[PDB]
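Single-structure report; data block below.
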Amino acid sequence: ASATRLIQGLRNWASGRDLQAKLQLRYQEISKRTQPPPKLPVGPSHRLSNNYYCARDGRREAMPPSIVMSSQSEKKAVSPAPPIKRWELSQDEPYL
Amino acid sequence: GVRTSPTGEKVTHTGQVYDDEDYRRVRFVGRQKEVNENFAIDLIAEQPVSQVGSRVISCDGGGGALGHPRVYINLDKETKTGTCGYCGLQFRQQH
Amino acid sequence: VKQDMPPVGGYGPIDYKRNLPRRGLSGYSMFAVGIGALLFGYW
Amino acid sequence: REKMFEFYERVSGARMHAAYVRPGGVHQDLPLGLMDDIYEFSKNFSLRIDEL
Amino acid sequence: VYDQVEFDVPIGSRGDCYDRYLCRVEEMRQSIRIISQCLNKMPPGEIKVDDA
Amino acid sequence: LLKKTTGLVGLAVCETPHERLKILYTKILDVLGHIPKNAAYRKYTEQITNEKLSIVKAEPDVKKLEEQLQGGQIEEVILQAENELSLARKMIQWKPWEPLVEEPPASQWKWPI
Amino acid sequence: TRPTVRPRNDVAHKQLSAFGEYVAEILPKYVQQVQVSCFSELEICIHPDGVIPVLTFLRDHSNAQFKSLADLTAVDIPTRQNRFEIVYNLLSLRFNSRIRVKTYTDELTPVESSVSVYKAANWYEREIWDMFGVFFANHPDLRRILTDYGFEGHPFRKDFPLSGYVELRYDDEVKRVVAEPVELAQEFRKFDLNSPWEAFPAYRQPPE
Amino acid sequence: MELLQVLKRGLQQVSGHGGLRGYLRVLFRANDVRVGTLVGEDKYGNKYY
Amino acid sequence: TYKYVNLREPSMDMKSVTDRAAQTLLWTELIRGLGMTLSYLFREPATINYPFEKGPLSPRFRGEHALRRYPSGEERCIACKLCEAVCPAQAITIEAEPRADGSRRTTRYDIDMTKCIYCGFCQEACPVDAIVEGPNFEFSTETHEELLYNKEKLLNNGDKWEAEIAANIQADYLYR
Amino acid sequence: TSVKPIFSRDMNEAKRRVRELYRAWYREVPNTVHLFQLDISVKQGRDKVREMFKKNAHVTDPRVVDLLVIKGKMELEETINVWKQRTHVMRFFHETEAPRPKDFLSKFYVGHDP
Ligand code: SF4
Ligand code: SF4
Ligand SMILES: [Zn+2]
């Protein structure tokens, strides 16, 4: 940022870009190293009522794997899922 | 209160010192034995016993969430002060 | 609450596309400059 | 890449091995002012890709 | 939340070292796009699951 | 209209996709007729192959055939038909409609142990 | 159960159950179990004589098209008489799906190599030779891939100790890196962490 | 011309370290001669700019 | 939602063919590359003057371990061994006894700084903020065993760096 | 009690394979001493190959000796190709290891182990 306008114009010309607009070195535009203290919010389970853990217990609603076939008609042939949708070419920048 | 063995070796706050006939003093030969001279058993005994006017006091070590978990100390013994098991600060019911 | 949040109108638009900005003379012009340099040198 | 390691160090305290993304969320919230610096990095990073 | 961010996927054409190079360059471009969207759409709230 | 490339490396463009698909589907049905009637591989593969062959006979276009066969490019649909043919020729040899060769041990799939 | 619990996917659960029935009745010669977990992942437990007929099916069948071998894995379980559990993770790009094909062997029974199905397996099961000792028949170049060249034993078995049996150091008498029996300056401290209260009643086993 | 300002900033970097002795002192100890605002000095003699 | 890198057919009119042949014979893109490198020649470099200048750090930084005391001189550690239970490398070795006033304190507190992975799980497992991983990263030794810290070295790191560790914990305890 | 073989149908084909592996190792030992510039004699290396074969001489299972032939062929391929260095070849000769006490009285002297 401290460069003279002769070196600045030379540097912009040699790169072919406006380099002073986007300087990779950092100056006073970055955040302060000292910040005010935060007040972080609490989650949804910080409630004094209607907050029994048996109604929000993720690990205890895990089930054993449902056994479909075990060795102890004209029904449709299935796939594991419907076939994947063909992607759309990008409207932003297709390179075509 | 650091002290010194007859071998010249400093005794730590734990009480560790090598014996005279112990070969492992040779690691301090030409070098030093790093002990810490601030004994916590001495520094906590310098604190004044805090006189309070309740039957049960609380202690978190000061600083709020920067100290220890908050404990409640019963002060019904007038023989003994009520000592925090975390910080070692001790309390006495004033009556 | 005080939390690391973006500004109210959001951040500014960030460039992310290729910018190779096409400088220089044409091929006709560069061959003409090279031929003119040769002709000056030969003369 | 050094500035992005500063982003890792500000978010976790380690420049490379953060141990930050944990099962259940992340270990710690963003420090205040971090997203502004991520913005100031990202706004200028396109010119760095362009000159590469 | 990748289903909520908008980005493109660079596709090669010849499978060589040069197309994979260009795919990585354009993935850096699209990563800058995703980072812009993530900085614009960061919600408030907690950072761990509140299952303690 | 002759699509210029498939977009996939090493997958060439098929000039006549419909005739190639009809040949491959009738060849899959021919190989698949050598399998017993009770076999679920025969019934399921005859079902999907007759559906694909009906769709190929129903559509003159290549693009609309790609959008309603729902398998990507038409050339990788041809590739999938060839893989199905090679699979069915192997399934003749393997005979997997036969009963289970061996029951597993008593707690072979018990997890957690 | 909204914010903190993972949302259950019933549609993919139903579709994977139907496709597991499909795979089981197309291939009943080898398929021993079919199961779908609660987080919607399909496992096809097969007999080890049908590694190749199953995996060539799922790679080539027009309703499966599992064209990518993502990962091949062994798991040592010493309480089984077939202590090794060989696990094939497959990715179908066409139907945007993943499947798991599990089979078994012990120390001595070979498994047929799936390099004629997926060339990707060429190192994985080679790793399974190096780490578990599961021999693979008809592998093109079966040898060690991760351990040291003179290494005895197979490390990822659970009767193999955490530290090895030998450690290395440079010996200056012989001018050479040498192997000695391992002696730790500090032993690894085994922690007994398991609580004696049952955590998950859904997974309770019936008693004796 | 803006080269004259560059040479004058160099000469006042020389004059800002307390002459040629301080300039060469900080040049050989620090391998940098730019001047700053003295933020402080500790009990050891470390000077912070 | 996808794009094709390198799916351009170059134009075949005489203008573009002569442009490409002038690029071939007259080396236009090579002069472009030389110009970009010359553009970086006239930039101020990114080099900081270490050790007189220092790399920027945050108060979350995980450096050298230290044991903290209370604002009475009593050490915070009450020998609960949560730091050595959580320690991913088993770098912490703790032995304890009741000392002469009956306080629950350690007799051994070793951190092997050559096993330690500097991940800070010990400081966040600590219920009393006793073990902390401080700001110091400049503690390279000439001997392996000088990195085998015992309780005395850790309490001395606490006494050495407490004026800074207290301010980093002051700036970062509300995120924890 | 009916298992799948590895290579051998019985013990006799297995002993054929063990015999051919010993032949291949016996042929390879002088090349191994020469190109790894080992400071053992060729007789010492052939004695070590004899020792490594005769350690396993008590095995009566065809599958286990099939796997021992397989692992011996892998060691041989890592020795013929220069994949092992000199150190991996010399790890069969426990040179830096002091000779352990073998009788009862000296094991009683040195420690607690049997
Ligand atoms: S930082 Fe991590 S590895 Fe190091 S002592 Fe703490 S818990 Fe152990
Ligand atoms: S440092 Fe903290 S976690 Fe570790 S034993 Fe002491 S009080 Fe417990
Ligand atoms: Zn207290």
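Identifiers in the structure tokens: chain A, B, ... in order shown; residue index from 1 per chain; ligand index from 1 in order shown.
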Checklist entry - Quick one: residues within 6 Å of ligand 2, with only C-alpha atoms and all ligand atoms, as a ChimeraX atom specification? => result /I:77-83,125-128,130-131
Serialized selection, N, CA, C and O atoms, as a PDB file, in the first residue's frame:
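Output saved as again.pdb:
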```
ATOM      1  N   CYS I  77      -5.252 -27.713  40.822  1.00  0.00           N
ATOM      2  CA  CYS I  77      -5.402 -29.135  40.532  1.00  0.00           C
ATOM      3  C   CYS I  77      -5.776 -29.921  41.776  1.00  0.00           C
ATOM      4  O   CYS I  77      -5.077 -29.870  42.790  1.00  0.00           O
ATOM      5  N   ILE I  78      -6.877 -30.654  41.687  1.00  0.00           N
ATOM      6  CA  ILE I  78      -7.348 -31.492  42.775  1.00  0.00           C
ATOM      7  C   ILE I  78      -7.362 -32.952  42.361  1.00  0.00           C
ATOM      8  O   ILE I  78      -8.242 -33.702  42.783  1.00  0.00           O
ATOM      9  N   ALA I  79      -6.433 -33.327  41.481  1.00  0.00           N
ATOM     10  CA  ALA I  79      -5.993 -34.709  41.301  1.00  0.00           C
ATOM     11  C   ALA I  79      -7.093 -35.623  40.780  1.00  0.00           C
ATOM     12  O   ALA I  79      -7.089 -36.823  41.045  1.00  0.00           O
ATOM     13  N   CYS I  80      -8.041 -35.073  40.035  1.00  0.00           N
ATOM     14  CA  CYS I  80      -9.206 -35.851  39.660  1.00  0.00           C
ATOM     15  C   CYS I  80      -8.968 -36.765  38.471  1.00  0.00           C
ATOM     16  O   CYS I  80      -9.823 -37.613  38.201  1.00  0.00           O
ATOM     17  N   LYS I  81      -7.862 -36.575  37.747  1.00  0.00           N
ATOM     18  CA  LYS I  81      -7.395 -37.452  36.668  1.00  0.00           C
ATOM     19  C   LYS I  81      -8.355 -37.484  35.481  1.00  0.00           C
ATOM     20  O   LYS I  81      -8.390 -38.457  34.731  1.00  0.00           O
ATOM     21  N   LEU I  82      -9.132 -36.419  35.287  1.00  0.00           N
ATOM     22  CA  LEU I  82      -9.947 -36.309  34.081  1.00  0.00           C
ATOM     23  C   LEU I  82      -9.108 -35.968  32.867  1.00  0.00           C
ATOM     24  O   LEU I  82      -9.421 -36.408  31.754  1.00  0.00           O
ATOM     25  N   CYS I  83      -8.066 -35.160  33.062  1.00  0.00           N
ATOM     26  CA  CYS I  83      -7.176 -34.813  31.967  1.00  0.00           C
ATOM     27  C   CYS I  83      -6.420 -36.030  31.461  1.00  0.00           C
ATOM     28  O   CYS I  83      -6.215 -36.169  30.253  1.00  0.00           O
ATOM     29  N   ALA I 125     -11.284 -30.602  29.551  1.00  0.00           N
ATOM     30  CA  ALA I 125     -11.785 -31.580  30.500  1.00  0.00           C
ATOM     31  C   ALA I 125     -11.582 -31.144  31.935  1.00  0.00           C
ATOM     32  O   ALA I 125     -12.228 -31.700  32.825  1.00  0.00           O
ATOM     33  N   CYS I 126     -10.693 -30.197  32.177  1.00  0.00           N
ATOM     34  CA  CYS I 126     -10.352 -29.830  33.535  1.00  0.00           C
ATOM     35  C   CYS I 126     -11.501 -29.064  34.166  1.00  0.00           C
ATOM     36  O   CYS I 126     -11.944 -28.051  33.612  1.00  0.00           O
ATOM     37  N   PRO I 127     -12.011 -29.512  35.308  1.00  0.00           N
ATOM     38  CA  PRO I 127     -13.174 -28.860  35.910  1.00  0.00           C
ATOM     39  C   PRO I 127     -12.840 -27.610  36.699  1.00  0.00           C
ATOM     40  O   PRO I 127     -13.754 -26.845  37.020  1.00  0.00           O
ATOM     41  N   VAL I 128     -11.568 -27.370  37.006  1.00  0.00           N
ATOM     42  CA  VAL I 128     -11.137 -26.261  37.841  1.00  0.00           C
ATOM     43  C   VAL I 128     -10.196 -25.318  37.107  1.00  0.00           C
ATOM     44  O   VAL I 128      -9.607 -24.441  37.736  1.00  0.00           O
ATOM     45  N   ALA I 130      -7.251 -26.015  35.877  1.00  0.00           N
ATOM     46  CA  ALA I 130      -5.908 -26.183  36.416  1.00  0.00           C
ATOM     47  C   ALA I 130      -4.883 -26.394  35.315  1.00  0.00           C
ATOM     48  O   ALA I 130      -3.938 -25.616  35.177  1.00  0.00           O
ATOM     49  N   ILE I 131      -5.027 -27.465  34.547  1.00  0.00           N
ATOM     50  CA  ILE I 131      -4.134 -27.669  33.420  1.00  0.00           C
ATOM     51  C   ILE I 131      -4.624 -26.814  32.265  1.00  0.00           C
ATOM     52  O   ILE I 131      -5.822 -26.764  31.958  1.00  0.00           O
TER      53      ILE I 131
END
```
Item to check | Residues within 10 Å of ligand 1, counting only C-alpha atoms and all ligand atoms, as number ranges by chain | outcome: I: 62-65, 82-93, 110-126, 131-133
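Checking I:99, I:104, I:176, I:144 one by one against chain A, counting only C-alpha atoms, you find the shortest gap at I:176.
The space between CA of residue 88 in chain G and CA of residue 146 in chain G spans 20.1 Å.
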Checklist entry - Which residues sit within 6 Å of ligand 3, counting only C-alpha atoms and all ligand atoms, listed as JSON, numbers by chain? => result {"B": [59, 60, 61, 84, 86, 87, 89]}
Export of prior selection with C-alpha atoms as a short mmCIF file (atom, residue, chain, number, x, y, z; two decimals), in the first residue's frame:
```cif
data_model
loop_
_atom_site.label_atom_id
_atom_site.label_comp_id
_atom_site.auth_asym_id
_atom_site.auth_seq_id
_atom_site.Cartn_x
_atom_site.Cartn_y
_atom_site.Cartn_z
CA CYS B 59 -17.65 -21.26 47.62
CA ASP B 60 -16.72 -21.23 43.94
CA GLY B 61 -13.13 -20.03 44.38
CA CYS B 84 -13.43 -25.92 50.71
CA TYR B 86 -11.54 -27.54 45.91
CA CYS B 87 -9.69 -24.35 46.78
CA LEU B 89 -10.30 -21.49 51.52
#
```
